[PDB]
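Chain and residue survey
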Amino acid sequence: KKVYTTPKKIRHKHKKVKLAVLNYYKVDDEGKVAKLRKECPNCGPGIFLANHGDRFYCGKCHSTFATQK
Amino acid sequence: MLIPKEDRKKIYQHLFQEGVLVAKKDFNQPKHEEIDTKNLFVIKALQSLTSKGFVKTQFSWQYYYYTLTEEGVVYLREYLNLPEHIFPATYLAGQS
Amino acid sequence: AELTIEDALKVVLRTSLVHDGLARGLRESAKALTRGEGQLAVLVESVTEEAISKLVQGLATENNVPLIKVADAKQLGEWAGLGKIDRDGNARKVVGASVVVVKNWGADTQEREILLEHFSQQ
Amino acid sequence: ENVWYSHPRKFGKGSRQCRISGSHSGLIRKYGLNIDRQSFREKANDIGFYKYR
Amino acid sequence: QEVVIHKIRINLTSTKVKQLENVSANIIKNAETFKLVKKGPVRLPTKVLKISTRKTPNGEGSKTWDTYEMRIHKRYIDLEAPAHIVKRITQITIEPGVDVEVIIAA
Ligand SMILES: [Mg+2]
Ligand SMILES: [Zn+2]
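What counts, and where the lines are drawn
- Residues numbered from 1 in each chain as written, not as in the entry; some residues may be left out.
- Chains lettered and ligands numbered in written order.
- Part of a larger assembly, values for the part shown.
- Heavy atoms only, no water.
- Residues with missing side-chain atoms left out of burial classes, pairs and counts.
- Helix = DSSP H or I, 4+ residues; strand = E, 2+ residues; numbered from the N terminus.
- Rg over C-alpha atoms; globule rule 2.2 N^0.38 Å.
- Buried < 20%, exposed > 50% of the residue type's maximum accessible area, 1.4 Å probe, protein only.
- 1 Å grid on protein atoms, 1.4 Å probe; cavity = no way out; pocket = protein on both sides within 12 Å on 5 of 7 lines; lining within 4 Å.
- Points joined across faces, edges and corners; volume = space filled by probe spheres on them.
- Core = buried A, V, L, I, M, F, W, Y, C linked by side-chain atoms within 4.5 Å.
- Contact = heavy atoms within 4.5 Å.
- Nonpolar A, V, L, I, M, F, W, Y, C, P; charged D, E, K, R; others polar.
- Buried area = accessible area lost by both parts, 1.4 Å probe.
- Salt bridge = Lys/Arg side-chain N within 4 Å of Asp/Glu carboxyl O.
- Polar contact = N/O pair within 3.5 Å; in protein donor to acceptor, adjacent residues only side chain to side chain.
- Pairing = 2+ DSSP bridges.
- Patch = residues over 30% accessible without salt bridge, like charges linked within 9 Å, V, L, I, M, F, W, Y side chains within 5 Å.
- Areas by Shrake-Rupley, 256 points an atom, 1.4 Å probe, with all protein chains shown as cover.
- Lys, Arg positive; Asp, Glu negative; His and termini not counted.
- Charge placed at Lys NZ, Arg CZ, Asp CG, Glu CD.
- Axes fitted to C-alpha atoms, helices over the stretch in contact; angles between N-to-C directions.
- Parallel < 35°, antiparallel > 145°, perpendicular 65-115°, else oblique.

Structure determination for this entry is recorded as cryo-EM, at 3.6 Å resolution.

Right, let's talk about the overall build of chain C for a bit. Counting secondary structure elements, chain C contains five helices and two strands. Over its C-alpha trace chain C gives a radius of gyration of 14 Å, about what one expects of a compact globule, namely 14 Å for 122 residues. Principal-axis analysis of the C-alpha atoms places the extent of chain C at approximately 45 × 35 × 25 Å. When burial is assessed residue by residue, chain C has 36% of its 122 residues classed as buried.

Considering only enclosed or pocket space, the largest pocket measures out at about 1500 Å³ in volume. Residue lining of the largest pocket: 39 residues in total, with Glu 78 and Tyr 79 of chain B together with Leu 17, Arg 24 and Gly 81 of chain C positioned closest to the centre. Of all the secondary structure elements, the ones that give two or more residues to the lining of the largest pocket are α1 (5-18) and α3 (70-80) of chain B together with α1 (10-18) and α4 (74-80) of chain C. The element that contributes the greatest number of residues to the lining of the largest pocket is α1 of chain B, accounting for six residues. A volume near 890 Å³ is recorded for the second largest pocket. Lining the second largest pocket are 36 residues; nearest its centre among them are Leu 22, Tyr 24, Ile 47 and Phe 48 of chain A together with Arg 27 of chain C. Listed by contribution, the elements that provide at least two residues to the lining of the second largest pocket are α2 (26-34) and α3 (51-61) of chain C. Among the elements that line the lining of the second largest pocket, the one with the most residues is α2 of chain C, at six residues.

The next subject is the nonpolar core. Counting residues in each nonpolar core, the largest one holds 20 residues, and the members touching the most others are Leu 15, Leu 21, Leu 46, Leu 49, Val 55 and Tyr 66 of chain B. Of all the elements in the fold, those that place two or more residues in this core are α1, β1 (20-24), α2 (39-51), β3 (63-67) and α3 of chain B. Among the elements that take part in this core, α2 of chain B stands out by supplying five residues, more than any other. Each residue touching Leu 46 of chain B, except ones within four places of it in the same chain, is listed here: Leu 15, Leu 21, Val 55 and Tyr 66 of chain B. Counting residues in hydrophobic clusters, the runner-up holds 17 residues, among them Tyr 25 of chain A together with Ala 30, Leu 59 and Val 101 of chain C.

The next point concerns empty space enclosed by the protein. Residue and element names in this part refer to chain C. Volume-wise, the largest cavity comes out at about 110 Å³. Lining the largest cavity, in full, are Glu 6, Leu 9, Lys 10, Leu 13, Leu 40, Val 42, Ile 68, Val 70, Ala 71, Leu 76 and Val 102. Every element with two or more residues in the lining of the largest cavity is listed here: α1 and β1 (40-42). Among the residues forming the lining of the largest cavity, the class breakdown is nine nonpolar, no polar and two charged.

What follows deals with the side chain of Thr 56 of chain E. By the secondary structure assignment, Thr 56 of chain E is in the loop between β3 (49-54) and β4 (65-70). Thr 56 of chain E gets classed as buried once you look at its relative accessible area, which sits at 10%. Contacts of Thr 56 of chain E, omitting those with residues within four sequence positions, involve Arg 37 of chain D together with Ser 62 of chain E.

What follows deals with the interface of chain D and chain E. Listed as interface residues are 16 residues of chain D and, on the opposing side, 14 residues of chain E. For the pair chain D and chain E, the two sides together bury roughly 1500 Å², of which 57% comes from carbon and sulfur. Put simply, chain D and chain E have two salt bridges between them. The shortest N-O distance in the salt bridge between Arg 53 of chain D and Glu 69 of chain E comes to 3.9 Å. For the interface between chain D and chain E, the tally reads eight residue pairs in polar contact. Among the secondary structure elements, those contributing two or more residues to the side of chain D that touches chain E are α1 (37-43) and β3 (50-51) of chain D. With four residues, α1 of chain D is the single largest residue contributor to the side of chain D that touches chain E. Tallied by class, residues from the side of chain D that touches chain E come to nine nonpolar, two polar and five charged. For β3 of chain D and β4 of chain E, the ladder comprises two bridges, and the chain directions are antiparallel.

Now for a positive patch on the surface. There is a patch of like positive charges on the surface, built from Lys 5, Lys 9 and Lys 52 of chain B together with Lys 84 of chain C. Tracing the chain through its elements places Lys 52 of chain B in the loop between α2 and β2 (56-58).

Turning to the packing of α1 of chain B against α2 of chain B, a few remarks are in order. All names here are of chain B. Where α1 contacts α2, the two axes come as close as 10 Å, and the packing angle between them is 70°. When the interaxial angle is binned, α1 and α2 end up roughly perpendicular. Note on element contacts: α2 touches α1 through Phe 41, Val 42, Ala 45, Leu 46, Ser 48 and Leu 49, opposite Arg 8, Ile 11, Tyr 12 and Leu 15. The residue makeup of the contact of α1 with α2, split by class, is eight nonpolar, one polar and one charged.

Contacts between protein chains span four pairs of chains, and they are most numerous for chains D and E. With no contact between them, chain A and chain E keep their nearest C-alpha atoms 22 Å apart. There is no contact between chain B and chain E; across them, the least C-alpha separation is 19 Å.

Printed below as a string of structure tokens:
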């Protein structure tokens, strides 16, 4: 065979930067709950939005929002 | 191998009804016959099985053939649940 | 000692894990508790910052309360099943079971229903 | 899982595989065999094809 | 009571000749016992299938060739006979290899 090329730069799959208890939602009293951000309009509650500078997208429906909140 | 675990459970379930599996040697295929998953993922699953005991494998004419052994039937019961007196193809359903 | 020491709740989690009807994790419990799926709720005691404990309290009290104490999470994960093979017996690598919510049930009657009745009716 | 993992291979050499080996070289498609002539040449007597004249 | 003649054509197509000719003889002998008006065992042209192929794998050495071919023997036995007598002649007179088949619709 002929020799291989070798530019240099290699790109690996990102490790993701995992995190737990992360870090939305709150409770002031104890019993009741006080949701932060919002839940999904399309799917049922339990799934939450993603808050950026006037841009949102969900996870269960890959990336399907548009309107602000 | 990096399988969304729901799709894997469907393949196991579909394996246990039949007791048999006729997969192609066709990667890049969008969806498998009968099962609603990619063919490649079924072959990865039946590759993963063959190694840790089970599952008698052939590769003739671009068609893999996988039958479940006695220990293969035991582990598929462990993954799903179904206790005893069940389908596979170890014995007949009624009269056929 | 013939009487069970809260061992009719772990038996539900085994049968739920066996029949494929567990909503283990933080978010799956919330989705289970919202619509008609999650019937029995399981929240961890030892929780840092009190966050995940307070969440399930609210999800329980949102419509129908299905909650109970739970024995330090790690014991439920070992009791249910979190580890492939693990030698001949025991020797499972320890896992925190997190928040869990029961779907399906499957098995009927026995001590599990007796513990659910006493905690609910007061 | 990645999006672009497929050129449009409806036709030509790259689409037409054989039933047996998976080859794109000397492929009998006549009478819809879909067999590389060398495997055909092996099994021809099995598939009903005999040398008469 | 019925005696409703649908006009049924029988298709006999196969590789082997000595079976096919014996099968074709068996149906007409059944027609002679059941005594029906029928056109005899019609014999259509034999579609010979010619796969031309070089003998080699490598394409090296001399350029030799093998006409791997298949004989086919397409025959017909047209019946001017009812539906029920055809149901009888389908049940009996079945040999291995030869492709027995019924058109049934004139
Ligand atoms: Mg290179
Ligand atoms: Zn969405």
